[PDB]
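What follows is one structure encoded as structure tokens, with my remarks underneath.
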Amino acid sequence: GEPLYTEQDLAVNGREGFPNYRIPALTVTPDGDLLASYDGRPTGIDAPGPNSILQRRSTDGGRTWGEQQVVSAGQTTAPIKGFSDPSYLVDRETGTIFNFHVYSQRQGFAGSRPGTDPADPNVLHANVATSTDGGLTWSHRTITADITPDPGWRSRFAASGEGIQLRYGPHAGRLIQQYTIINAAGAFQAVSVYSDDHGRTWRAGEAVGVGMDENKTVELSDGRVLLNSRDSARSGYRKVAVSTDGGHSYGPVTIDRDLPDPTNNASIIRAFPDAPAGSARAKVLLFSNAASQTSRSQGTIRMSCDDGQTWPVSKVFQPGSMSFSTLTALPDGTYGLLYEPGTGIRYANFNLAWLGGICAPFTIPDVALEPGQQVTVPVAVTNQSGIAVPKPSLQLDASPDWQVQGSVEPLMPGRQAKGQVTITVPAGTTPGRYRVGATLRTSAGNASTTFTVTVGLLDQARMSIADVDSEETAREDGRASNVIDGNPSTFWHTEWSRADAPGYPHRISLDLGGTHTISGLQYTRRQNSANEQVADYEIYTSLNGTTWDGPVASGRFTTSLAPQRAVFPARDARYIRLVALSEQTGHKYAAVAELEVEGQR
Ligand SMILES: CC(=O)N[C@H]1[C@H]([C@H](O)[C@H](O)CO)OC(C(=O)O)=C[C@@H]1O
Ligand code: NA
């Protein structure tokens with residue numbers, strides 16, 4: 001219907017008792033009252049800041065808000081106490097409300113030491129406040145010893161925002177709160193902490209993943225539990241995993257390249273949390289995060305209508321500063337959104353009509369071509385909307401001088417639709433990888449996708465590592481093969497975890513999988529770190545793998561984050577070798593996110 005988006009501040013830094021306010025948690029009580037919670041930070045820091053958990057209630061569906069109250073009061077006088085990083089969880093069967101948060105004294109998350117005793121001042125404790133009166137008053141407990149079944153778990157905190165209650169399946173009624181832990185190897189792991197007796201007792205399931213951080217769970221149309229996590233190893237995306245046992249244990253963790261993220265919190269909720277299992281509505285998810293890889297800005301709502309397999313719909317709600325954000329579904333069918341604009345804590349309301357999307361995810365294959373050429377690629381629209389669309393159009397976004405055009409056949413409820421894109425690349429186009437955005441426009445809303453057009457590059461999927469001088473595999477994944485996976489987010493990194501690792505020169509050699517006319521190498525430096533950057537280099541080629549011709553090119557790369565070209569007169573080769581002679585500021589290691597080869601495939 002009529003689009004709604006409205007916003008109001010609930011806490012402004014410096015006003016009402018605190019110089020800084022952060023870390024939003026938002027819920028709707030069984031009453032329909034809204035509760036917003038967040039930290040008061042007297043010293044403006046995370047734990048062990050002597051922080052308070054605070055709370056405002058709205059009893060008119062979000063429009064006006066009552067006084068800021070204290071849920072858990074920090075102690076600014078020695079001995080210091082801090083309570084920080086709230087997450088609400090409503091038990092909608094009993095009505096009891098929970099607010100999870102840290103109890104810190106001397107140590108925060110990084111500094112916490114092994115041990116579970118409630119009074120240990122060097123332990124970052126796991127606390128929870130329980131309300132049996134709709135969030136008006138609160139009792140308090142430390143559950144650290146209940147949720148630390150591994151003595152090597154020296155640290156934990158509840159991921160702030162909002163936990164869930166399961167509605168489906170053998171574990172219906174389970175309360176699930178996400179936590180992050182630090183194990184004895186010092187890896188950050190995710191784990192669900194859950195209660196099956198309505199909050200009386202809590203336990204941890206099995207920890208999952210490495211390079212995890214604040215993570216969130218949601219129940220899918222089929223009762224599976226989807227985990228969606230911040231990556232503390234800073235890939236520039238979200239991490240994901242799924243459980244088939246109600247949160248007890250998760251399958252393998254993967255990087256989700258549909259969801260750019262700058263290492264920041266986020267929220268994932270059911271659009272229709274009361275929809276029955278397996279129903280079309282049960283499959284609808286909303287996601288909120290900063291949709292940038294390098295900054296906490298471009299806050300964006302995405303929608304999936306297939307239990308999170310695809311995210312065809314997105315809309316920006318905050319082009320500027322946008323840090324933590326947390327969604328909840330309101331009784332009136334609209335959505336609550338509590339987030340950090342930079343000046344404290346702000347609350348927004350929006351409806352689906354504002355989002356403006358259509359559940360019609362679509363695919364366009366990646367395609368490779370030569371300068372000058374024209375190719376037509378197929379478009380497949382999977383229509384999940386249930387509605388007929390007689391006049392879809394496809395709008396494409398490509399290089400300013402490329403000829404692109406597209407079209408889609410009418411959409412039919414429950415059916416796949418065919419389309420086509422025709423692309424002409426002008427002669428003289430620089431070899432490289434080109435992202436093309438595509439929008440499906442309909443009177444019932446829009447969906448989008450991207451696809452890659454490769455001009456004058458060899459196919460990486462035919463390549464393999466012929467040799468490498470050095471690679472770290474023990475303390476991180478710096479495999480040489482990471483240069484040819486088509487992902488700027490994974491990288492080769494020379495060995496670093498032993499002191500006897502070599503320094504420069506470093507060397508990586510690719511087998512192209514067969515002989516090609518080649519004329520260039522494209523280097524992309526590591527994206528999330530700046531002290532392993534190749535400077536001086538040479539490139540050699542070979543027909544047999546053993547007799548190397550060259551250097552066929554040499555120079556000095558810049559610090560640019562974009563692919564860098566090193567071109568050479570065209571020749572036939574089956575192998576190409578990069579010799580990295582130096583690092584930009586004289587450091588010991590090399591790291592390369594991607595190597596592309598210019599040539600006739
Ligand atoms: C328990 C406390 O540390 N939580 C902090 C959390 C944490 O330090 C980090 O997630 C560790 O990786 O980070 C952030 C952040 O804005 O980045 C805010 C939190 O209040
Ligand atoms: Na890579």
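Naming works like this for the structure tokens: A, B, ... for the chains as they're shown, residue 1 at the start of each chain, ligands 1 onward in shown order.
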Expected answer as a PyMOL selection string: residues within 7 Å of ligand 2, only C-alpha atoms and all ligand atoms: chain A and resi 482-491+593-594
Picked from range 82-263 of chain A by DSSP as strand (DSSP E), as a PyMOL selection string: chain A and resi 82-90+97-104+125-131+139-142+155-158+161-162+164-165+175-182+188-195+203-204+215-219+225-229+237-243+254-260
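The shortest atom-to-atom distance to residue 56 in chain A, with only C-alpha atoms taken into account, belongs to A:347 out of A:335, A:523, A:347, A:202.
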Close residues, residue 541 in chain A itself excluded, 10 Å, only C-alpha atoms, min 6 positions apart in chain, as a ChimeraX atom specification: /A:509-510,518,547-553,571-578
Helix (DSSP H, G or I) residues, from DSSP on the backbone, in range 224-446 of chain A, as a PyMOL selection string: chain A and resi 281-283+352-355
Residues near residue 206 in chain A, cut-off 7 Å, only C-alpha atoms, skip fewer than 3 positions along chain, as a PyMOL selection string: chain A and resi 191+248-249
Restrict the calculation to only C-alpha atoms and all ligand atoms, then for each residue of chain A with any atom at most 7 Å from an atom of ligand 1 give the closest atom pair and their distance in Å to one decimal, rows by chain and rising residue number, as JSON lines.
{"residue": "A:23", "atom": "CA", "partner": "ligand 1", "partner_atom_place_in_ligand_line": "20 (O)", "distance": 6.1}
{"residue": "A:46", "atom": "CA", "partner": "ligand 1", "partner_atom_place_in_ligand_line": "20 (O)", "distance": 4.8}
{"residue": "A:47", "atom": "CA", "partner": "ligand 1", "partner_atom_place_in_ligand_line": "2 (C)", "distance": 5.5}
{"residue": "A:84", "atom": "CA", "partner": "ligand 1", "partner_atom_place_in_ligand_line": "20 (O)", "distance": 6.7}
{"residue": "A:85", "atom": "CA", "partner": "ligand 1", "partner_atom_place_in_ligand_line": "20 (O)", "distance": 5.3}
{"residue": "A:102", "atom": "CA", "partner": "ligand 1", "partner_atom_place_in_ligand_line": "1 (C)", "distance": 6.6}
{"residue": "A:108", "atom": "CA", "partner": "ligand 1", "partner_atom_place_in_ligand_line": "3 (O)", "distance": 6.2}
{"residue": "A:109", "atom": "CA", "partner": "ligand 1", "partner_atom_place_in_ligand_line": "3 (O)", "distance": 5.1}
{"residue": "A:157", "atom": "CA", "partner": "ligand 1", "partner_atom_place_in_ligand_line": "1 (C)", "distance": 5.5}
{"residue": "A:213", "atom": "CA", "partner": "ligand 1", "partner_atom_place_in_ligand_line": "12 (O)", "distance": 5.6}
{"residue": "A:214", "atom": "CA", "partner": "ligand 1", "partner_atom_place_in_ligand_line": "10 (O)", "distance": 5.7}
{"residue": "A:232", "atom": "CA", "partner": "ligand 1", "partner_atom_place_in_ligand_line": "12 (O)", "distance": 5.9}
{"residue": "A:264", "atom": "CA", "partner": "ligand 1", "partner_atom_place_in_ligand_line": "17 (O)", "distance": 5.8}
Contacts of residue 315 in chain A within 6 Å, only C-alpha atoms, excl. fewer than 5 positions in-chain, as a ChimeraX atom specification: /A:300-301,355
Serialized selection, N, CA and C atoms, as an mmCIF file, in the first residue's frame:
data_model
loop_
_atom_site.group_PDB
_atom_site.id
_atom_site.type_symbol
_atom_site.label_atom_id
_atom_site.label_comp_id
_atom_site.auth_asym_id
_atom_site.auth_seq_id
_atom_site.Cartn_x
_atom_site.Cartn_y
_atom_site.Cartn_z
ATOM 1 N N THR A 300 20.896 -0.576 5.362
ATOM 2 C CA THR A 300 20.110 -1.164 4.296
ATOM 3 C C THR A 300 19.238 -2.298 4.857
ATOM 4 N N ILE A 301 17.993 -2.373 4.395
ATOM 5 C CA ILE A 301 17.046 -3.424 4.765
ATOM 6 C C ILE A 301 17.038 -4.290 3.537
ATOM 7 N N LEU A 355 9.699 -0.562 1.460
ATOM 8 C CA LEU A 355 10.753 -1.399 0.888
ATOM 9 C C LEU A 355 10.658 -1.461 -0.667
#
A:263, A:3, A:274, A:311 ranked by distance to residue 287 in chain A, top pick (using only C-alpha atoms): A:311
